[PDB]
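Counting from 1, the numbers follow the sequence of the chain as shown. Atoms within a ligand are numbered from 1 in the order they appear, just like the ligands themselves.
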Amino acid sequence: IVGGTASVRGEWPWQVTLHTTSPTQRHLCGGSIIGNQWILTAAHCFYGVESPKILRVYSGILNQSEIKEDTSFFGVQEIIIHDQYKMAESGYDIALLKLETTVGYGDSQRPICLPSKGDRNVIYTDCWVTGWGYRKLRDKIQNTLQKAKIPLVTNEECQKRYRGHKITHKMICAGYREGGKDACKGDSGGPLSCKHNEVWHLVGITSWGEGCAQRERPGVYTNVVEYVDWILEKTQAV
Ligand SMILES: COC(=O)Nc1ccc2c(c1)N[C@@H](C(=O)OC)CCCC[C@H](NC(=O)/C=C/c1cc(Cl)ccc1-n1cnnn1)c1ncc-2[nH]1
């Protein structure tokens, strides 16, 4: 996260750190708890990931230093990638992780509500992007979870900012015209969380951008409201 500040423990209890074991263990992506065995993240995170056996989901983490060999994690049973996904810049950048075991909810780890189909007609004015990603293009994974409040941008304005791309309504953008606050490398898959009528909603999944926090280059997020039926299809399968 660029232009952010340190989060407080338990502030974003749905935020997870997804680690990979190949070749050595490291943070791979962010993610969000959406159900007791479901993590919602970005499909692009799994580029070259051949098996779910190399993945480790850590919840209830403020600092990466809490993770050692003795730290408990959730194993991944299945990686579910939207089958229209080609690349982040083309959309459908959404994946589900089915956990091998159930998440026990508490003040340290709990689910974020998905947006309502009725909430498609709402204006969110309190949106935050979180993650352990870089503070600048050439940086390193941060120890402490960072947060940054960023305004949502209309599809029209975001299309103006990305000549040469097709910004669809399945994407949602967020950023300041002057830049300065944004997601960056290592933040992808994580949530764009918006508070509405005292309830937090998973409005976006950190996807892509041209550089980090640049003027007139908003961050592009998977517009979660447009995938509610897809998530329910995968998680409520008979
Ligand atoms: C010690 O641990 C370690 O250093 N881990 C680690 C470090 C960096 C990475 C990463 C893991 N993730 C990628 C990876 O592991 O590649 C091998 C996969 C995932 C590859 C893509 C990912 N994209 C983002 O995260 C966000 C982009 C993005 C999103 C918005 Cl909304 C706005 C601007 C953006 N940026 C434009 N340019 N940069 N950001 C990423 N790129 C490097 C990484 N992630």
Quick one: do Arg9 and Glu66 make a salt bridge, cutoff under 4.0 Å?
yes

Sidechain N-carboxylate O distance under 4.0 Å for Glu226, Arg120
yes

Please produce the table of protein N or O atoms sitting under 3.5 Å from N or O atoms belonging to ligand 1, one pair a line, distance to 0.1 Å.
unit_1, atom_1, unit_2, atom_2, d
ligand 1, 5 (N), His27, O, 2.9
ligand 1, 12 (N), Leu28, O, 3.0
ligand 1, 15 (O), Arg26, NH1, 2.8
ligand 1, 25 (O), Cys184, O, 3.4
ligand 1, 25 (O), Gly186, N, 2.8
ligand 1, 25 (O), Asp187, N, 3.3
ligand 1, 25 (O), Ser188, N, 3.1
ligand 1, 25 (O), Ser188, OG, 3.1
ligand 1, 35 (N), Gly211, O, 3.4
ligand 1, 39 (N), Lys185, N, 3.4
ligand 1, 44 (N), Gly186, N, 3.2

Could you tell me whether the side chain of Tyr221 reaches within less than 4.5 Å of the side chain of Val203, counting heavy atoms only?
no

Presence of salt bridge, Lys185 and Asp139, under 4.0 angstrom:
no

Closest non-hydrogen atoms of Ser193 and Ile112, given as atom of the first, atom of the second and distance, are OG-CD1, 3.6 Å

Tell me, do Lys195 and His201 make a side-chain contact under 4.5 Å, heavy atoms counted?
no

